[PDB]
Structures are given as C-alpha cells and as structure tokens.
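Asks: Okay, here's the structure, questions in a sec.
Please note: Cβ atoms are built from the backbone with ideal geometry, for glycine as well, and neighbour counts cover all protein chains shown. Derivation of every value follows stated rules applied to the coordinates shown; laboratory data play no part.
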Amino acid sequence: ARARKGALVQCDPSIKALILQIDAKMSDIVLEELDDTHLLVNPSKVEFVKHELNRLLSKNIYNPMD
Amino acid sequence: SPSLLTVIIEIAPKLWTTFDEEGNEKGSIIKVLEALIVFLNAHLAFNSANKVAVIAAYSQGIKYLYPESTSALXXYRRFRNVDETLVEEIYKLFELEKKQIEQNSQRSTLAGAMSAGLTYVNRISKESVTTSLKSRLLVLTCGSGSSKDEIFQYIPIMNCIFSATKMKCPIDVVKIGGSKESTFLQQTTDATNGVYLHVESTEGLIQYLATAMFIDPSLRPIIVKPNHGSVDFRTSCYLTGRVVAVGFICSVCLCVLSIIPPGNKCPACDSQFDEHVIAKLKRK
Amino acid sequence: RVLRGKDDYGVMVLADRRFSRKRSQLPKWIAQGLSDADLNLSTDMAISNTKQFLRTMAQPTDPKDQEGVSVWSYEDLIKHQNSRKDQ
Amino acid sequence: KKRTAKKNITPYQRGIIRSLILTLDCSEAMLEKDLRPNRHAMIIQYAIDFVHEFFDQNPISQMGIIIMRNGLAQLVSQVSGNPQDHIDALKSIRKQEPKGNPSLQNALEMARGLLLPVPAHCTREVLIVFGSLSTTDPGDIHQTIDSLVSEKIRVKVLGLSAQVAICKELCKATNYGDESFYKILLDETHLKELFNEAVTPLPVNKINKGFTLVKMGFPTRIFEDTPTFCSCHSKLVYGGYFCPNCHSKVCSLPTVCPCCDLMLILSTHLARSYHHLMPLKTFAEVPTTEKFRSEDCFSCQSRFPXXXXXXXXXXXXXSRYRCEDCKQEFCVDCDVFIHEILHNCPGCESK
Amino acid sequence: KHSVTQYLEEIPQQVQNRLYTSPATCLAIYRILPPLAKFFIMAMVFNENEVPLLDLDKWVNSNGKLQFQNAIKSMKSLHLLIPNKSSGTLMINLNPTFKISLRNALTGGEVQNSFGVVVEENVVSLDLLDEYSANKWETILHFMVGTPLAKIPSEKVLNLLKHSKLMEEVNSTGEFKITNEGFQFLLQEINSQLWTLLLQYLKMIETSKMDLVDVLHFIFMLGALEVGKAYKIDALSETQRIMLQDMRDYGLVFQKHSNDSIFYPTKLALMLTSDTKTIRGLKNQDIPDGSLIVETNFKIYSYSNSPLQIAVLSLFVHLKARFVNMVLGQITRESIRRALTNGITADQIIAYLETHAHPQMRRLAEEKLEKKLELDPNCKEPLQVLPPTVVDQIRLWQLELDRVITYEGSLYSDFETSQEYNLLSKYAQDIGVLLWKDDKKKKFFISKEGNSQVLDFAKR
Amino acid sequence: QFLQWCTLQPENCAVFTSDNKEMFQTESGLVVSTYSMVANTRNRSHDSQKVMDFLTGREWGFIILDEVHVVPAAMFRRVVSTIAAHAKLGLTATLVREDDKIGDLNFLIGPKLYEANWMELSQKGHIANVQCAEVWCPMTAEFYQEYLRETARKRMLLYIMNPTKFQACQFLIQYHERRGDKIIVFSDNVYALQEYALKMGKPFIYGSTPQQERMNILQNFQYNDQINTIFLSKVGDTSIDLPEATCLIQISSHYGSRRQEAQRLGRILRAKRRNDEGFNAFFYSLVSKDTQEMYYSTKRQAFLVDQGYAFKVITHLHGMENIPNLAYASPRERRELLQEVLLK
Ligand SMILES: [Zn+2]
Ligand SMILES: [Zn+2]
Ligand SMILES: [Zn+2]
Ligand SMILES: [Zn+2]
Ligand SMILES: [Zn+2]
C-alpha cells in the first residue's frame, strides 16, 4: 500500500509559475510539481503562499476599478 | 429508509393448543410473544423512526393490537409503549376467549386479517407520501393440525400476492409448528420476494427472527434465507384432489381438472364441453 | 338544414356586420341560441367557441334522466307528467 | 350526488385470452399544439403506461405495435407477450418525429393479417389512437372493414377531440354492431383513463363460439447458476425454467415453451382473470340519515364518519360507502381501495 | 460542518471507552456509524465472540463494499472495537464497553446516565418553555450574525463565539459579523450549526473542570431523552449541571424556571442530532411567516419577511426602503460582492437559496421542480431545477474572485504496467474516484478507494 | 431595398430631393418624398415647392412618416402647415422623441396602437431566433500587468488585441465556413484588426475597407461561402447598408453611449433568410476576461437580456487550441502584440 499525500495544487502554468515564483519566495514549500498543470505542496505553508500572493497582488493590483 | 414493519400473528386457542400439543407444553406462544415484543422494538429502532403495527386473528375474528383503534373517545420509552400497549391489547384478546371463540373454528380468519392489512398499508403509503416508507411485513403461524390442506382460503392468498406484487412488497413468513411447508404460503413467500423459515416449536425465534426476517425493509441486496425450493405445480385437480402436472383446464370456469374430467360440466362450473373437444382431447 | 333531430348538432355561423342588428329577424329557436356576446364576433374568437363546442358535443352526455325531461320517456313521462298538466 | 354505475351486464365471459395489437400515429397532426409537449409526445407517454397496464391485467396476451407515418403504417414491435420488446420499441419512436398522413387503409390492412395466426381461443383485437383528421386509403376500406368484421376482429378506437363517422362506423361495424368503441377524450386524464380502461377484457354481449379446451403445462425455475445455460436464448442465464413437456431450459417467462410449444404459466396469471371474470358488487353509498352504523370503517378503522349534526356538514353525506353482500361499512378510501387493487371484499371474505 | 463524528474518534481510545462507560453513550455513538458499520456492530454485540474479516468481507458482496471500507475505517478510528492480528488473521470484536453497555441499554441495562431522567407531571407544554429557547436562539442568532438588535445576552456564549472565532466579527469592537467561520455558521442549518457551536464551547470550556465523559454523559443525557424531572436537579453532574445550566442559559437546556428543577429538556437538545422536522408577545405567524424573493430577473420580491432574516438577506443584498410587504433590495453581482468582500464563497449560499426563502418561494421552487428527474431520462432537458442561471453568475463572480486551486488525495506510485493503470483508470470512472491522471507519469493525487479494492481483489 | 420587393411600382413614386426633380403634379399613383424636400432650409429647387404645391394641390388621404423625430417637428409642422391631407402615419422609432411637444405628434396622426409593449405582436411569429454569446478570452500576465500599469481607458485595444481572441474568431471562421454560415465581426481597431485580418488571411472587410472591396468581399461573403468572415469597424454604423447577420462578433465595447448599443445591436444584427443553422443570428463578444471591460462586458450582457435576444456564454470552446493559425498564441506574443497594440 503506497499513498503519497500532500497538497495537490493544480492551476494554469503561469499562476503556477507565479505561485512557484511566490512559492520560491517563501522557501520552496512545494514538495513536488506533478506537471505544468499540477503542484504538490506541504499544506503547512500554502496558507502564506496566497497571503503573499495576495500581498504581492495587493502590492501589484491595488485595485484601480475604473 | 423508514420501513414500516407491521406484524400479523394468528392465535386460535385451538392452534395455540397445538403449539402446546406439539412436543411438550414446554412453553406456549409467550416465548414467541417475548420474542416478538423484542423484535418489534428493534425494527422500530432500526430505520428512521420507522413505524410498526400489529393485528391478530381470533378463532372467530380479527382485531388490531398495536395500532390500537380509538378507545378513549423502559428502553427508549417508545419500545415500552409499543410493547405495553401491545401487551395490554392482547390480554384484552384473551378475555375475548371463551367457548364461542372456541366455537367458530370452521374458518381461519387468516385470510381476512391479511386482506385488511393491505388496506392499512395502502392507507399509510397513501398518507405517508412524504418519507415514502420502504415498508415490509411479517407472518408468524402456530402450525396446527386437523386440516391437512384447508383449501377454502386459496384465492385470497393468491389475489393479495398480486396486490402485494402490485404494491411492490417483499413478504417474509415463519411457520412455528409441525413440519408442513404451507405450499400456498411457500409459493407466496416465493412469489413476492420473501423468506420462508419453518422454525421448530420451542426455539426462541429471536436468533431466527433477526437473521432472515430483517432482509427486505428497503435493503434487498442480501441473500434471502428462505426454506427449500418453491415448487409451483399448483393446486390439486379440483375434481381429483391430486396435484396435476399436465392439467386439464375446463373453460371460462378455469377449474383445474386432472386426466379425470367427467367430459361434461367440470366439477366447479356448469359448463358443458364440446364432446368433439372432449373427443379431441381424447384423440391421444 | 344542418340539424335533423334533437341529437343533431352543428355550427350556424353568420358572417356580416348587418347580422348584428338582424338577430331579432331570425326565427325564435335560432334566436334563442344566438346570445348577446355572440354578436359582431371577429373571426378569431368564433373558432375558439366552436372548438370547445365540438369537443364538448363530442362527449357522450347522456344522463337519460334529464332526457326524461327533454325526451319525455316512453308513453309515460307524457302520460305521467302531461296528464298531470291538464290544469 | 354520486357518480357510480347502475349495473354490469357482463361478468360472465371476459376475453381472458387476448391478442391486443395497439397502433399509433406518427403523423404531422401529432406535431400540433394541444397536448402538453404535443399530441405526439404525450400520447406516447400514456401508451407506455397502458402497455405496462395491459400486460399486468392480461399477461396471457400479446401485443404488436404499429406507427402511422407518411401515409404508410409501419410495424415497430411484433405481436408479443414480452412487453419490454414493445416498451423498448416505443422508447425509440418518440425520438423520431411524427410525419405525413395517417393512411388508415394501410394500418387496417396489416393489422388484419397480423392476427390470422392468433387462434380461435385467443382473441383478435385492434386499438387505434387516431389524432389526425384525414386519411389516405390504398384501397377500398369498406372492403377492409367487411374483411375485418369477417375475421372476428373487433375494433375499438380512441379519437382525439373530434368525432369521425367512419371510425364511429368501424367501431360500430367490427364490435358486433354495438358501437361503444369510438369513445374520445377531451382531456389528458380523460386520455389517461382512456388508456387504463383498454386493459381489461372487452365483453359486451358474447355470441356462442367454440369454447375450446386448452392444453398446457407449467414451467419450474432452475437452480444451478454456474451452469448458466438456456434453450430459449442460447446464452449463459444463471438459471431459468423448464417446460413440463419439452424439457428445455427456458428463461423466466410466461412465454410458451420453445422446444415442445405449450404455454408456460405458473399460477399467477389466471387469478387476474378470476376477478376479471367474477368481480364484486359495488360498495353502496349508505344513506346519510339511515345508516346508523359503527362510527368507523371496516376494511380499515376510519373514525371519521360524520361530526354529528352540523346543519350543512352533517346533512351532506355520511362517509359509509359499504359493500352489499357483506353489508359492511367502508370509508371511501377503503371502499375506493377495496374496489381498486384487491377485489377481495374485506367483509365478504370474513363470515 | 466540523463533522463532530471526527471529534469522537479524535478523543483517544480510553475516553471513548470512558465515554462508552454509560450505556447511554454506548447506545449513542452507535447511531452515527455508517449503516454498514451499524450492521457490523450489532452482530458482534450479542454473539459473544470475535469474527474473522474474511466472513465480514464475504458478507459484503460487490459495490457497496466501498461502504464496507467506509464502515470499517470509521469503526477503527473511534476504537469501539479491537482488531487482532492473532494468528496473522483479523479477529474483529467490539471495544467490549460499547457492546454490553449497548447490550445492557439494549436489554434494559445499567445505563443510569441513560436512565438519569425522571418522569413527573410533565407540565412543560408543547408551546411552553421552548419559545424562550426558540427565542433564545432567535435573540442570540440576531446577536451573533448581527441583527438590528443583537439581543444575545450569553456572556459565556459571546466569549465562545469571539474566542472560538465563530463569527468573523470584531469581538474587541463587539462586532458579531460573519467571517469565513461566520459564513460557515450561515451554512450548517440545524445539525451542522448545532454541530458547529457544540464544538466551540467544548474548545472554549475545556481548560479546567471539563470532565468530558461527564460532559459527554451530561450532553448525551440532556439530548438523549427529555430528562424531564430530575435532569438538571439529579441526572446531571457538577460540571454537567453547570453545563446543563449553561446549556440551560444557552437554551440548549430548556431548564425550567427556578434554575433548579428537572432538566428542562428543550427541543433544542433534540435537533442537534435528530436531522428531522425543524419548526420550533402571544403571536407567531408560521410556518411560512418568513419570506423573500429570488427569480430569473435577479430581484427581491419580498412579501413575507422576518427582521433578523431580512437582516440576514441584507447581509448579501442592499436594503433601500422597507415597504409594507417588500424591502427595497435588488440582488446583483454587487450585492453578493458584499459577502465576497468577507471571503464568503458562493458555495453555501447555493444550498441556502434552494432551502431558505422558500416559505415565499414554495410555488416558485415547486414550479421550478416540475418533477423533472423521472422525466429527466425521458425528456433529457431538466426544467430549471434547481436554478442554474444564478450559480453561474455566482461562479463567474466567484471566478472573478478566485484563482487559487488545490486537490486532496494522495499521490500514488508502483503502477508497473499500462494494462493495470488502464484497467484501474477504467474502473475508477465507473465509481468516480479519479481527480486527474496520466499514463505518462503513472501518478495521480486522488482517494485510496482505488488502492483498497485492487489490494482486496488481489489478496482475497 | 424593399419597395420593389414590396408591391410598389416606383414608376408612380416620384422620389424628390429638389436636387432630385421628379414627376410632381403628374405622379399617377403613390408618392415617396422626404422631409428636407417637403419642408426645410433645404427647400432647394422649385421642384420641392411645386411638389409641395402639388402636395397641397392634390388631396392626400394618408401620410406615411419615417423617423419624424430626427428632423424638427416645425417642418413636419410645416408638412403640417400647408397641405391638409386626411391621414398621416407616424411610424415612430423611440418612445420619447424631441417632437414630444405638449401637443404630441400622436394627437395629429392617430392614437397609440403600438408601443413599448412589443410582446403582443412580434411574438406572433415575425421575428426569428437570435443567439448571443460572450467568450471569456483567457488571461495572460501582461494584460494584467498592462491592466496594473495604467488605469486609463487606453487598455481598450490592449485586451482587444488578445491573440487568443483572434484564435476564437478564426474558429468561428472555420466553423461557419464548415457550416456554410456567415460571420460579422465588430472590430474598430486598425492595427490589431489588420494584425488579425493578416492572421486570418481571407478577403476581409476591415478598417476603412473600400466599399467596392467591401461589396466585393460582401459578394464573396454572402453569395460565395469561401469568404465567410468580414470585419465591420465603427464605419458600419452609421451608416452603411449593413450586411446580413448570422454570426455577429463584437470586440469594442465602449462605443458609448448605451442608446447606441441598442442601435448597433439592432443595426449590426441584420436579418437572414438562411435557416440551415439553428441560431441564424449569432451575437458574439470576444472579451479578454479579467481585463478593464469586465465591467463594461457585464454591461452588454444585461442589455441583451433586457432586449430579450437569446444569449449564452461559450468559454469551453470545442478545439480552442485545435484551430489553425495559433499565431501569437503564447503569452509572450500576446505580450508582443500587447506591445504592438500599446502603440495604438
Ligand atoms: Zn369450469
Ligand atoms: Zn433464455
Ligand atoms: Zn416444453
Ligand atoms: Zn377504511
Ligand atoms: Zn362486501
């Protein structure tokens, strides 16, 4: 019985890349990257990936809303 | 699946006598009664507050026991009331036991009790459209003698199978008594997806009752545990009284005759047959 | 002419503006059937009216006791009722 | 106020054996907009229901199915005691759309010859659900009706919301002069009840025909399932039946044996004929002020019976619809239900 | 829903068996197990012997065996049984405390915590003492989610909500607002909400003087049956009575007046588990007294109303001018954006609208239902049940407020040949267990239902 | 475009401009003249007056009027100052008009018989089925980085250019070419449209298309199915003799005000005497999802459903990446074309 658990993050390669850019930004918590459309991460830190993803987008977007 | 388990039990004080007669009087229906009291609480408990009910048959009539028709105008405390109201109603049936009850032993109102129940279930499924109750019933009989095959109750047995098959009802039967596979019941338990257990007299049926009579309620994925084969070589030649195989069936009467037929007016309806048709049947 | 007996039916439509004012000029038994709301109809609600008519008429509405009123059953509802009517 | 029948003039013979062959209309007129999807689609819904009903109360019978497209009638399910063949045949048809005209002369012509193999004891029957208003006859139709009435093939047809004299005539002609058989709906439920009523045998006043003694035997289920084997389908069936005379494994069916050819029945089919043949007497609605019986029902225990004097509510009616031969009360529910599923009059059974 | 069942297995084996000490709590834990698990309990409750798994495996035939794995896995996690690698085989037997406490409570046994109720003149009327309890819920719910008047006076309750973060409202500022947890409070209706709060108080009231078995015995005593007389007086522990009185104050004990009487067995204790009918100065127009408006035009047509309810409706729609029957409000992508600002996903609101606002949307839902499920294989086009047009806008709005995705399961390996992966994948779509796959990688991150069955088929 | 399909023989109907002298006072049958003629400062040859002299001279029973509101009522009040016919006919086009003076033109022609309740009548079977759709072109970092950098409206072509948007268009092109259908595209860009028309490579109507080439492509478009894609810029409205609509695509969505968007929707979606396709009037709107006009793309959707046109969204394209000419498909070239379009 083999079963390798984790946090499978599947998205577009670009957000993946961004998430991976973001994931590289807090110390490579992505355990594995299954393909261009999937990522395997430790759930302990995915929370903060989005937080900085949020901040960096909040730093980036800043929401003009024209 | 709230399943309505309604038990129908027949008590002729001549047949409960036979339950006393068989073996020794090592325990009358009370062992079966205390078995049933425990069994009724369990299925009541099993599915989602799934209701129960009880009817009986006198020697000379029938009556409801747990449904407890309008009269005024522990363990979960619903087991208690279901048991005790049943215990009180049935003891009221035993005071309705005397010589005149002992009198009308010619008939067995088993036929009437079970037709009345189908009116009751059609009545509850009609009302309980919400929470459609995956109901299913039960039969317990004290196998008594003096009538090897009382054949006066055959058509209502078979008609109600259709309604039972028509209303899609699995039907389980347990016979307590002498080893007489009630062929018509044996076909019946077979006909409408049921389980036949011809248990012996004095065994606490609780082990038996829980095993094979809980099969259906809504489940039916599990091997029914019926008794042996359910042969459908049906009623004896009405004229002969021998079970026919190549039956000889009269006419619009549809009476079953053996190789016996009188050649005229088959012995269930006044229908003369074409002597040519009789001779054609005799061309062999 | 489209009608023969009391069991007969059929539509007798009138198609002209002047028919609105000549409803009285029609014979009584025709006039009894021509009601006020049936005047000057456009062709459209004419078809809906006869549509329901043909359907309802197509039904076997035979009470056989209201026909005791309108058929005056055999030699009796005349002899019973009308020989009472000699008043 | 009551809508109940006076008297039945036919409990004596019912056509217990049948060969009913239902024919449909897949023509343009079925695409008009009166019935909810159309004529075409909602007609087919109730036919499926009737199909299930027709074989439940006359399972000894068979049926075939024919459509009516493009002035050409087209058989879609053979005359069979197997409803699923017809049911599956009906499932495909609704997916095609009705077209062309109903050429009744076509449809009548193939119906008449389809029933020639149907024997004397089996009854020939045709049920036309006509919904268009014009036909297209390949030949003389009176020739065919004359040929039809000659073959002892009664015809009852269910016109849509209209009356057509020829099917007035056809139902009149075939059904022994007794025109009772062009009954027509105004309504879906009227259509629904038009379907349910076509299930039972159809006696009006039977003429004296050869009452033929019918020789058959009864099959018995097989046990060995690893020995899954069949003589009626040549496949691995985990247990079938065995004809009493042929001795060949036959799958579960009231169908005839396929090796010695005797009708295979267990017991269940004939008892539907019994309550078909000898039904009960209708539960009389007891008079309101003259009943004075138990304030309950009999088949069930329905304490609702009145309210004891309520000016209007009590002077209305006392829910005591009681059968006669038993003289036992029955709530309308039971009285309706007793008369609905289990004939088996509860009072008349216990005595 | 936190699925409180997962909490019972989380408490270690002993406190379960400690919990299992009262045949009440034996008889209680039994009703939540999956029906396969239920069936495997009672068999080996009475026949006083363990059973090999091969029989339990042969008892369950093909598909439905997944519930056979559903049964046995929940069974072991809460340790009401003891697996036994006795001779290399599997000897299955109850945690015996369960079976006999059950068997006792089955055959009139010693569940005195179960028998802790008392029967007396049950003066609690059907209408009496639960309107306070129902109003208790109404007032505190208006307090917790934020009503026009937040009449929730449960100081112990308010601390649990803020301390447990039950609502994403500023407890420091007194805010009772719906956060991610507060949005989840708006989702779990009766069980799940009744589940969710029972968890917060246990987390809150767990530091000192817990007595969890007594807490669980006392909680299961008040909700097990109407303790009636002697419940809050006698059939209650010290911390249990404080819990019972605290449950009394929270309404979950409809503890009768005088603060010292039998367990006021409010109906609130019943609903936490019953998962059945939910309906609870001197006027209360019901049941359809509530009302709302949700139709294809995406607008509120309110004729019936309820203030906390329309306050709740206003939590995701603008209110402009409450009229005689209508409240001036119109649901838009802006209106739901009031909740998406709170991170409230357009997921629970889906189930909310299909259930809630129905008392005015009965016909509207009923006309939407049309019974288009048996007609579904017949008429392949379902007739707008349930409304799909709203959810796509919600999803597209949710998709507009989105772009983070993740999956559960476990990555799998040792798939040696293409035939087994092709055969395993083919069967997986038959039961529907595979999130994403690829023959190239021979890896996928899904549930283990695929791995358990191939092992069981290979091994037995 | 209709009156010869109509029963009318134009031999009688003297068309008048007073640059267009025609047979006044001898015109035997019905007449078709125009306002600026019939009264204006554009009362500009005595053909005009003499027609009007004839208009007064001959007694007229009925007056068919088309868009009286645009031209001042005063001249209509002057074609209502002089002649005294018997009837007029106000076939008005808007509920509220600048000729809604307190004495309305309703109370001079005949009462209202036909109004904003266009549900009784057109539903009786006149109009066919029109399908509308709105594809969400997938997001790519630069557009957002382009969205991020400027909040200005200059993002307009920056999501219009989406090469993925070109792709979905080409799918319809091969699709409607496969179906023998006809495609209208509403693209006011010049470069990215050329960039796209270059990317497609069919004889293409585009920005400032030669009307003959327009007509040539149109002839090669409606009668010839080989060219089954034309691009109508803002020069279509207003106005050309707009071509038939089976597959309308709209790229630009500012095109304000919204009263025009009712116009364009009505104007660009012309009628089609083809029933081979199940939705014989496709309306499409290729929008880069997650861009500036999601607000304004959501503004178009509410308009159409108010107009009642059958509408849908197709973002799960069948073979989205399977189409030919995946030019600029990559986010880089979308970025590269985004740099290409930042010029525009
Ligand atoms: Zn006979
Ligand atoms: Zn076979
Ligand atoms: Zn045979
Ligand atoms: Zn009754
Ligand atoms: Zn009777």
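Asks: Return the total of residues in segment B:130-181 being of a type in the set (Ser, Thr, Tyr) and in a loop (DSSP other than H, G, I, E, B).
Replies: From segment B:130-181, those of a type in the set (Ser, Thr, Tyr) are B:130-132, B:135, B:141, B:144, B:146-147, B:154, B:163, B:165, B:179; that's our starting set.
Okay, now just the ones that are also in a loop (DSSP other than H, G, I, E, B), so B:130-132, B:135, B:144, B:146-147, B:179.
Of the residues in segment B:130-181, 8 are of a type in the set (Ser, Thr, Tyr) and in a loop (DSSP other than H, G, I, E, B).
Asks: Let me ask something additional. Could you check C:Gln87 against (1) in contact with a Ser or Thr (Cβ under 8 Å, 6 or more places away or on another chain); (2) part of a loop (DSSP other than H, G, I, E, B) and say which number it fails?
Replies: Condition (1) is where C:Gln87 drops out.
Asks: Tell me yes or no: at least one residue of segment B:185-199 is surrounded by fewer than 16 Cβ atoms within 10 Å (Cβ to Cβ) and within 13 Å of chain D (Cβ to nearest Cβ). Walk me through it before giving the result.
Replies: Step one: of segment B:185-199, the residues surrounded by fewer than 16 Cβ atoms within 10 Å (Cβ to Cβ) are none.
No; the residues of segment B:185-199 include none that is surrounded by fewer than 16 Cβ atoms within 10 Å (Cβ to Cβ) and within 13 Å of chain D (Cβ to nearest Cβ).
Asks: If you check D:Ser252 against the conditions, is it within 16 Å of ligand 4 (Cβ to nearest atom), within 14 Å of chain B (Cβ to nearest Cβ) and not in a helix (DSSP H, G or I)? Explain how you work it out, then say what you get.
Replies: Numbers: within 16 Å of ligand 4 (Cβ to nearest atom): no; within 14 Å of chain B (Cβ to nearest Cβ): yes; not in a helix (DSSP H, G or I): yes.
It is false that D:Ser252 is within 16 Å of ligand 4 (Cβ to nearest atom), within 14 Å of chain B (Cβ to nearest Cβ) and not in a helix (DSSP H, G or I).
Asks: Out of (1) over 18 Å from the mean Cα position of the chain (by Cα); (2) in a strand (DSSP E or B), what's the single condition that is false for F:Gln292?
Replies: Of the numbered conditions (1) over 18 Å from the mean Cα position of the chain (by Cα); (2) in a strand (DSSP E or B), the odd one out for F:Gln292 is (2).
Asks: While we're on this one: In segment B:252-284, which residues are of a type in the set (D, E, K, R) and part of a loop (DSSP other than H, G, I, E, B)? If you could, list the steps in order and put the result at the bottom.
Replies: Step one: of segment B:252-284, the residues of a type in the set (D, E, K, R) are B:265, B:270, B:274-275, B:280, B:282-284.
Selection gives B:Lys265, B:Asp270, B:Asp274, B:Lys282, B:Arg283, B:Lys284.
Asks: For segment E:410-451, what are the residues that are within 14 Å of A:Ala1 (Cα to Cα) and of a type in the set (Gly, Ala, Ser)?
Replies: Within segment E:410-451, E:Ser410, E:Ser413, E:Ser447, E:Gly450 qualify.
Asks: Across segment B:247-266, which residue is farthest from ligand 3 (Cβ to nearest atom) among those that are under 32 Å from the mean Cα position of the chain (by Cα) and over 17 Å from B:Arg234 (Cβ atoms)?
Replies: Per the criteria, the residue is B:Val252.
Asks: Shifting gears a bit: Would you point out which residue out of D:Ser350, D:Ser319, D:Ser302, D:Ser267 is within 29 Å of D:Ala5 (Cα to Cα), more than 16 Å from ligand 3 (Cβ to nearest atom) and out of contact with any helix residue (DSSP H, G or I) (no Cβ under 6 Å at 6 or more places or on another chain)?
Replies: After ruling out the rest, the residue left standing is D:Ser302.
Asks: Here's another thing I want to ask about it. Taking the condition away from chain D (no Cβ under 14 Å), polar (S, T, N, Q) and within 16 Å of ligand 1 (Cβ to nearest atom), does B:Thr240 pass?
Replies: yes
Asks: Have a look at D:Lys281, D:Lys351 and point out the one that is away from ligand 2 (no atom under 16 Å from the Cβ), more than 31 Å from the chain's Cα centre (by Cα), part of a loop (DSSP other than H, G, I, E, B) and closer than 25 Å to B:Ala164 by Cβ. First the steps, then the outcome.
Replies: Working: D:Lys281 fails: more than 31 Å from the chain's Cα centre (by Cα).
Only one candidate qualifies: D:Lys351.
Asks: Out of the residues in segment D:229-249 that are crowded, with 19+ Cβ neighbours inside 10 Å and facing chain B (nearest Cβ under 10 Å), which is nearest to ligand 2 (Cβ to nearest atom)?
Replies: D:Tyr241
Asks: Quick check, is D:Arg112 within 20 Å of the chain's Cα centre (by Cα), away from chain C (no Cβ under 14 Å), outside any loop (DSSP other than H, G, I, E, B) and under 18 Å from D:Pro203 (Cβ atoms)?
Replies: Details: within 20 Å of the chain's Cα centre (by Cα): yes; away from chain C (no Cβ under 14 Å): yes; outside any loop (DSSP other than H, G, I, E, B): yes; under 18 Å from D:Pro203 (Cβ atoms): no.
For D:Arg112, the condition - within 20 Å of the chain's Cα centre (by Cα), away from chain C (no Cβ under 14 Å), outside any loop (DSSP other than H, G, I, E, B) and under 18 Å from D:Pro203 (Cβ atoms) - is not met.
Asks: Hey, could you check segment B:225-251 for residues that are among the hydrophobic types (A, V, I, L, M, F, W, C), under 21 Å from B:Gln187 (Cα atoms) and part of a loop (DSSP other than H, G, I, E, B) and say which is farthest from ligand 4 (Cβ to nearest atom)?
Replies: My answer is B:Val246.
Yes or no, residue by residue, for (1) more than 29 Å from the chain's Cα centre (by Cα); (2) among the aromatic types (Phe, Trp, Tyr); (3) within 17 Å of F:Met139 (Cβ to Cβ); (4) not in a strand (DSSP E or B):
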{"site": "F:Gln301", "(1), (2), (3), (4)": "no, no, no, yes"}
{"site": "F:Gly319", "(1), (2), (3), (4)": "yes, no, no, yes"}
{"site": "F:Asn322", "(1), (2), (3), (4)": "yes, no, no, yes"}
{"site": "F:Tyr328", "(1), (2), (3), (4)": "yes, yes, yes, yes"}
{"site": "F:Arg334", "(1), (2), (3), (4)": "yes, no, yes, yes"}
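Asks: Next question, about the same structure. Given the structure, is D:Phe283 of a type outside the set (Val, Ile, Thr) and more than 11 Å from chain B (Cβ to nearest Cβ)? It would help to see each step written out before you state the result.
Replies: On the way: of a type outside the set (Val, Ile, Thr): yes; more than 11 Å from chain B (Cβ to nearest Cβ): yes.
In short, yes.
Asks: Also, I was wondering about something else. Restricting the search to segment D:255-280, which residues are more than 19 Å from D:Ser61 (Cβ to Cβ) and either within 13 Å of chain B (Cβ to nearest Cβ) or of a type in the set (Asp, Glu) (or both)?
Replies: D:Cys260, D:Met278, D:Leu280
Asks: Now for a separate question. Return the only residue of D:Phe298, D:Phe292, D:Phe304 being among the aromatic types (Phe, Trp, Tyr), away from ligand 4 (no atom under 16 Å from the Cβ) and in a loop (DSSP other than H, G, I, E, B). Give the derivation first.
Replies: Working: D:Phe298 fails: away from ligand 4 (no atom under 16 Å from the Cβ); D:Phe304 fails: away from ligand 4 (no atom under 16 Å from the Cβ).
Going through D:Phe298, D:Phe292, D:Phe304 in turn, the sole match is D:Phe292.
Asks: Let me ask you something else. Being assigned to a helix (DSSP H, G or I) and away from chain C (no Cβ under 11 Å) is the filter here, so list the residues in segment D:169-190 that pass it. Write out each step before concluding.
Replies: First, the residues of segment D:169-190 that are assigned to a helix (DSSP H, G or I): D:169-174, D:188-190.
Correct list: D:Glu169, D:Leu170, D:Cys171, D:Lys172, D:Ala173, D:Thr174, D:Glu188, D:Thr189.
Asks: Can we say D:Unk310 is in contact with a helix residue (DSSP H, G or I) (Cβ under 9 Å, 6 or more places away or on another chain), assigned to a loop (DSSP other than H, G, I, E, B) and within 16 Å of ligand 4 (Cβ to nearest atom)?
Replies: On the way: in contact with a helix residue (DSSP H, G or I) (Cβ under 9 Å, 6 or more places away or on another chain): yes; assigned to a loop (DSSP other than H, G, I, E, B): yes; within 16 Å of ligand 4 (Cβ to nearest atom): no.
Here the answer is no, as D:Unk310 does not meet what is asked.
Asks: Here's another thing I want to ask about it. Here are the criteria: (1) more than 9 Å from every other protein chain (Cβ to nearest Cβ); (2) part of a loop (DSSP other than H, G, I, E, B); (3) in contact with an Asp or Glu (Cβ under 9 Å, 6 or more places away or on another chain). Tell me which single one D:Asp335 does not satisfy.
Replies: (2)
Asks: Go through B:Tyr66, B:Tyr91 for me and flag whichever is of a type outside the set (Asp, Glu) and in a loop (DSSP other than H, G, I, E, B). Please lay out each step first, then the result.
Replies: Numbers: B:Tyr91 fails: in a loop (DSSP other than H, G, I, E, B).
Matching residue, one of B:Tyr66, B:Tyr91: B:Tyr66.
Asks: Can you tell which of F:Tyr255, F:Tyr296 is under 26 Å from F:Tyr144 (Cβ atoms) and touching a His at 6+ places or on another chain (Cβ under 8 Å)? I'd like the intermediate steps shown before the answer.
Replies: Details: F:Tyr255 fails: touching a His at 6+ places or on another chain (Cβ under 8 Å).
So the residue among F:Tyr255, F:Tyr296 that is under 26 Å from F:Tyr144 (Cβ atoms) and touching a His at 6+ places or on another chain (Cβ under 8 Å) is F:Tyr296.
Okay, residues lined up against (1) assigned to a loop (DSSP other than H, G, I, E, B); (2) polar (S, T, N, Q); (3) closer than 25 Å to F:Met294 by Cβ; (4) within 13 Å of the chain's Cα centre (by Cα):
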site	(1), (2), (3), (4)
F:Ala197	no, no, no, no
F:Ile205	yes, no, no, no
F:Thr209	yes, yes, no, no
F:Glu213	no, no, no, no
F:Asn220	no, yes, no, no
F:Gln226	yes, yes, no, no
F:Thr238	yes, yes, no, yes
F:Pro243	yes, no, no, yes
F:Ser253	yes, yes, yes, no
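Asks: Test B:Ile259 against the stated conditions and say whether it is surrounded by fewer than 16 Cβ atoms within 10 Å (Cβ to Cβ), hydrophobic (A, V, I, L, M, F, W, C) and either within 21 Å of D:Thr220 (Cα to Cα) or within 13 Å of chain D (Cβ to nearest Cβ) (or both). Don't jump to the end; show me each part of the working.
Replies: Numbers: surrounded by fewer than 16 Cβ atoms within 10 Å (Cβ to Cβ): yes; hydrophobic (A, V, I, L, M, F, W, C): yes; either within 21 Å of D:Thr220 (Cα to Cα) or within 13 Å of chain D (Cβ to nearest Cβ) (or both): yes.
Answer is yes for this residue.
Asks: Could I ask something else about it? What are the pairs with Cβ atoms under 6 angstrom where one residue, in segment D:289-316, is within 13 Å of chain B (Cβ to nearest Cβ) and the other, located anywhere, is among the aromatic types (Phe, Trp, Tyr)? Sequence gap at least six, or different chains.
Replies: As it stands, the answer is D:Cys297/D:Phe330; D:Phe298/D:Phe330; D:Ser299/D:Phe330; D:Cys300/B:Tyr120, since those pairs meet every condition given.
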